[PDB]
């Protein structure tokens, strides 16, 4: 199982609590993503360019509507039309992860976990940290600039 749900728990009610800072097609061009940040993460990126301990960032991963020939349906706004939520990806930063949590599974101090829409760990063979690791300069977040831009443009 890619990620570490033993350490990175499912953040209950994130969609009602966290700040929704972006919606975008994923770069794979087959899924739609919505991005969320908890208060510590939002305050961190209002102050600087690194998330403080306690920061949690979430990407909801949506399967798009497709016709019977597999063609993805898009709006005139260019965003894929949502069929249903497929997965909930979680990054959580701590400066004191327990020794049982192997460093090679983390991107710096970010732990990863992938959940299904019902909050159960979702089977996968992804190497989360390995793909996020080369983005150290932007705190291992692909959506870094969208988060920075959002919290600069909105009040706490």
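Numbering follows the first chain given and starts at 1.
Going by the mean C-alpha B-factor recorded in the entry, which is higher: 48 to 56 or 97 to 105? Between 48 to 56 and 97 to 105, it is 97 to 105.
Which of 146 to 154 and 3 to 11 has higher mean CA B factor, as the PDB entry lists it: Comparing 3 to 11 with 146 to 154, the higher mean C-alpha B-factor belongs to 146 to 154.
Highest Cα B-factor in the PDB entry belongs to which of 131, 41, 68, 121? Among 131, 41, 68, 121, the PDB entry lists the largest C-alpha B-factor for 68.
Split into thirds by Cα B-factor across the chain's modelled residues, where does residue 16 land: lowest, middle or highest? It belongs to the highest third of the chain when residues are ordered by C-alpha B-factor.
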